[PDB]
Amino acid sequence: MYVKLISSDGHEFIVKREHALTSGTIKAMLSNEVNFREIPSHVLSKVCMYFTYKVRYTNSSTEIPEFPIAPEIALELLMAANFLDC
């Protein structure tokens, strides 16, 4: 029901399993807990926000808002996103 995603710096994010199964990487990594040796907290929190956003807004006519990214975070987010495949 929930899984735990731990960031490079130790913070722990507890998230619904299907939210997490957004990422094929994670799918494979679990299958429970998963450590992310290279993803700092300010990145992996954004990622979880996008999971919650994705599950919310996919398959909806109910007008969708822009997922925001601060510039400071853009690069690291790009790198995590490319790894996690999502």
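In case it trips you up, residue 1 is the first one in the sequence shown, and so on.
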Checklist entry - How many missing residues of the deposited sequence lie between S31 and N32 in the entry, grouped as none, 1 to 3, 4 to 9, or 10 or more? => result 10 or more
Checklist outcome for this item: As the entry reports it, the stretch among 65-73 and 8-16 with higher mean C-alpha B factor is 65-73
Checklist outcome for this item: Of 22-30 and 44-52, the stretch with the higher mean C-alpha B-factor in the deposited entry is 22-30
Checklist entry - Based on the entry's values, in what third of the chain does the Cα temperature factor of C86 lie: lowest, middle or highest? => result highest
